[PDB]
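Step one of this worksheet: look at the structure below.
These values consider heavy atoms only, across backbone and side chains, with no hydrogens, waters or symmetry-generated copies. Just so it is clear: chains get the letters A, B, ... in the order the sequence lines come, proteins before strands, and each one is counted from 1.
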Amino acid sequence: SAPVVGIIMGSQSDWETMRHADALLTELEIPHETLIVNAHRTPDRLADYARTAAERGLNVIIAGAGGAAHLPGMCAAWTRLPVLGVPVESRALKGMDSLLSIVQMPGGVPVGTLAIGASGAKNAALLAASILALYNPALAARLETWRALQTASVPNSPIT
Amino acid sequence: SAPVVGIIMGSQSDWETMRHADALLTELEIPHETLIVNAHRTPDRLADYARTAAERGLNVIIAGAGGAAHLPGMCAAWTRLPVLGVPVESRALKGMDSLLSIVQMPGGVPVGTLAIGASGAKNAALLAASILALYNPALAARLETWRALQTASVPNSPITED
Amino acid sequence: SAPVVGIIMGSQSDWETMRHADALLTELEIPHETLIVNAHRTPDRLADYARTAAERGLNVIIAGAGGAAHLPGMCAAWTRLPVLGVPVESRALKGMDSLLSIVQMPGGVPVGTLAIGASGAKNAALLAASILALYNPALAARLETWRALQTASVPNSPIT
Amino acid sequence: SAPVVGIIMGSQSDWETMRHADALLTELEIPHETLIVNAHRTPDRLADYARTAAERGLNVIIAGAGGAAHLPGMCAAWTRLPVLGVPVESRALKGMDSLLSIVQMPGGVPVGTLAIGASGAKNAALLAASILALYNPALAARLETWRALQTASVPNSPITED
Amino acid sequence: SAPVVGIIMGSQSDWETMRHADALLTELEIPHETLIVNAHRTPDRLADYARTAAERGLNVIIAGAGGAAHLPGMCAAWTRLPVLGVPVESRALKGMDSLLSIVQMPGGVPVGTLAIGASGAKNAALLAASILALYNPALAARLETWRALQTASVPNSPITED
Amino acid sequence: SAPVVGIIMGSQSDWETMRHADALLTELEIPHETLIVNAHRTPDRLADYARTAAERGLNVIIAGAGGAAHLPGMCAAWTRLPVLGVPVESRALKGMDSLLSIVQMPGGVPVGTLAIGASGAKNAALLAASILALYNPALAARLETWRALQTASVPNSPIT
Amino acid sequence: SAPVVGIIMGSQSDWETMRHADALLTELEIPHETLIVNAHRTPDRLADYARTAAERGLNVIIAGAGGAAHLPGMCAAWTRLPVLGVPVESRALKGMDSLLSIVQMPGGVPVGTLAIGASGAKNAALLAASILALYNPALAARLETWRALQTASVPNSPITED
Amino acid sequence: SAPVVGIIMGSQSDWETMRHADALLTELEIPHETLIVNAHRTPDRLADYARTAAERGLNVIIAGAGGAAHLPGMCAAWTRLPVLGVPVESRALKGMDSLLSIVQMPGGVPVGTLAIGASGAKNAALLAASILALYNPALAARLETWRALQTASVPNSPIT
């Protein structure tokens, strides 16, 4: 089936983080594509990807980047689709540079930003799912089940 | 007529920021409600608002809070709807406490976080609009027009006179 | 005996930190319960726990959380008991996110916040003990002994 | 009549912040004393105040300090009473130095720390009240009334007019 | 006559900062152009400006941006010319978001970053001048004179009167 | 051939970082010298190095330092050549001290600052190359090739 | 009569801060000189000042700088005298860049660093006084009197009126 | 011989850092004492130590602490001697808490603060030495030699 979510990242090194978004979308059976698109090394690839995303049938883009993290913001610049940004943990500054360069978008071009690291990648997929669930009843039911299981599965006490 | 976006905030002091979300939704002709829901002073009000939002017909919640900013995250805990968070600028720490309190949600319960302050509020409304536009062709057209006009309206050079 | 302190945390991963609170309360023979309550995954469990804490005979709640750490503040929202918050060290931001999301409570609903990590968990238990000692003479004497031993046991010089 | 809470601070400049603790204790009818004790300029005064607090009948100490804020931690070093710390906002670093200097106590000597500034001072008094209410039923009733009124007084919607 | 340095910025609000770069280039008689290019609102304008800069005869680009400051880095992505970045001071985070967004470029695409604010803008122009002076002897002489005068003009003692 | 770029650093411990600048200059066949010059321990060596750099035929200086990182700024003080600064990652503060002490130069004496760590060292060499390419056509072509290969070599998808 | 402390700073703008060091030395009757030495604009002036300070009879150097604050560290590089550093508050980063640039000296060349701003300048003078008092009994007596008076002058309670 | 410098620290865990101060003083043959004094656990020990330091013949105190680091400031409160503070690297916040709680002393009671960690401990000893050298000619000559050797020993190029 045709992808409705695009997951993009700038390098193989981002995959350790973004694989968590990929896994969640697969778990919820949301058709998606997972690609490398680098804002700095392949800016024309980025322009083409973002500009054509809507006409290709994409509904949400999840973009991960670390350091001076420009990939989500520049993606949002070229598409009217919702763009969700995952700050990848950077070696020196632990993703604080990633976080500020993604979340601090000036008014007019938004990026919905999630937590630094694996938690953010998982949550970007969940946020994408909740967006798609607004107009897909079967997915809405699967997301309901996912959240219910998450809630029900929390133990009552720690193991010592 | 019925609201499809809920804008919530903890206090009147937040309105100076959240009014920018309200204005943009109105500009794009998106029906919405604006309420005060305080995570710490009215936690049962929050639980009820969030847990009933979907059945009331809301599609997106925009939540603003400052300091130890728990309102967006706790809203997301009770709803399956997308929740967007606006960090309100705080006096001492300039919204850094607001930002980290909102964006650093552990995996399992998301909040899509926007920039600190008025920019974030405007962008939360634009993000909400982009979500709604996925299923609403008239709104999708209004949003494309809005984005195209924003692009066309950027001047080519600064005014450089003394 | 019935618990007078509740120790709560959002996940098993918090136990490495919160076990230090548990150990100290046991050392001082303070009856307590140690539970998992997750603000985000089990918010109704949290509401019920905090709302009924006083009528169950709890006197102090010690709550640990990391990241966007909402557990202590939301607990305080539903109870009139003193709530003490332990910021758990987070992977990327080393508990600075945990610390700010716990300590920066707006006026009207307090959380007494302790240091990031194991030190904070130990100190939350000690702070709970000093609260209980105000109206329990036998405990006050044991706490006096604990503090005296801590003071007396500090060596006079380092081992080389 | 005799004080059961001590509010201490290093200088008159701290009073702008600590007065919020004082006001709240008075509102809840909690007898207290307010003193200046400077950790660095009057260290022997601090030692004496802290080491005699319990025998003088104090139950809780609220200590405020800014910058390299050592007053709460050193107070806790000499008393077995619960000590609550209020980081006072500093000029350059906006109370971040105050906060870290107070909250990051190594294990063994606790300080329950509240928010930077006026919010923290008000909350230190509320936390002190919640501690005292554990053994004082009349105060417990006054505190429940206060919290209930705070909850009931939150408006349902912001004032949104231009 | 033709420009050899391009000064670009995302909005008119940046000019208060970037005007210091403009003034210094003029002082050193370096022909330049000043334009608004917004990375987020006019991304195709940016692509075209950056990809054609070298063939248009530009030698150095000075780019200023604040907040999530992507303009310098994205300019460098499309040009082989040296790109110098000026972090513009932002309201909440005082240009720290600007600074990290510009300087923390991953290996492979450089931006030479200067200080936050007006100092950085002046220094971007001086750095551009020092690059151009490597091949332009008349400019090298003007720059040496400028640096020598800066050194000679430092007073020996402060004015200490009350 | 005579060096046109100088790479300087304060200690052997900086070499793990600055070797990336050295490798890139060699890859692009840019003649250079790689030296230890310590701002604090050998300040007269620094003064002489920076003061004579231009007359020796150097065109760009790349200077790396960590902690209270004064080497780039003080180099710039004595030369009219462009000075590029690489913040070396420090043990405690992860190069945030290095970054601020290099980039925050007051107006009048510039240092072009690159990212913390190995990325910054590589990018300082690339920035130096782009400066030299302005007036060396053969190098400009090699830099074009380098950038083109970087762009072309980015994979289209991650390896799972 | 001859100076035993040198107070140096990079510009007149630093004097608003460094004047507090000057005033305290005068109060304690410590002969000193006050000069402008800019690490970046007058590096040879700095080298000469620092390398000759000991033979000129100086015992302590107090150096103030803001931003990328290199003056204290580079002074210490050329002198064997104790060098005390005062971080001057900067506009954007509130002296955090000043502080880290001064205090984070690698092992081998020390700078004793004081607080950001006016407090640090006053304390640099007091620290210089405490160093000089080790060998000067009259000054040691004046310093003890000063510290004793500081202690005696702390009020017992705040002024709490409305 | 009687100690003229006191090195104090709050716990054995600080010794890994403060041993560098001890080693430097021994290298320069400066008589000193190395002690554990904990501001929070042994405050009366601290009061007595600082109050009597001058009359015991101490000239400089070097105090190391981490976290909420109160030891140097409180030492300075009770003595007119120069007090030098070493921020010990803390687990979570990497000594940023240590640094701010030591350096940000309000006007009236100074602490001369050195770098976070081992570098700061070494430099506190060197700063103490330079203070003592003002009125001890033999030590001044040894310190001159130490600094000269440090300067002369810096290599001219890195080892590859």
Looking at C/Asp97, C/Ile102, C/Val109, which has the largest count of heavy-atom pairs under 4.5 Å with chain B? C/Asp97
Student check: side-chain heavy atoms of B/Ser90 and C/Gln104 closer than 4.5 Å: no
Please check if atom CZ in C/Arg142 has more than 12 non-hydrogen atoms from other residues, nucleotides or ligands closer than 6.0 Å. yes
Quick check on the interface: out of C/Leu99, C/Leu93, C/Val111, who has the most heavy-atom pairs with chain B under 4.5 Å? C/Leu93
Can you name the nearest heavy-atom pair linking C/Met74 to B/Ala39, along with the distance? CE-O, 3.3 Å
Tell me, for C/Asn38 versus chain B, whether the close heavy atoms (under 4.5 Å) come from the side chain, the backbone, both or neither. neither
Below 4.5 Å, heavy-atom pairs only: which of C/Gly73, C/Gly108, C/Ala65 has the largest tally toward chain B? C/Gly73
Is the backbone N or O of C/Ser101 less than 3.5 Å from a side-chain atom of B/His70, with the two atoms forming a donor-acceptor pair by type? yes
Give a yes or no on whether C/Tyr135 atom OH has more than 12 heavy-atom contacts from other residues, nucleotides or ligands under 6.0 Å away. yes
For atom CZ of B/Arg91, is the number of surrounding heavy atoms from other residues, nucleotides or ligands below 6.0 Å larger than 12? no
Structural part of C/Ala76 lying under 4.5 Å from a heavy atom of chain B: neither
Closest heavy-atom contact between C/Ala77 and B/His40? CB-O, 3.4 Å
Only pairs of heavy atoms separated by less than 4.5 Å count here; which of C/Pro43, C/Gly10, C/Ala47 has the most with chain B? C/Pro43
Of the non-hydrogen atoms in C/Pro106 and B/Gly66, which two are nearest, and what is the gap between them? CG-O, 4.5 Å
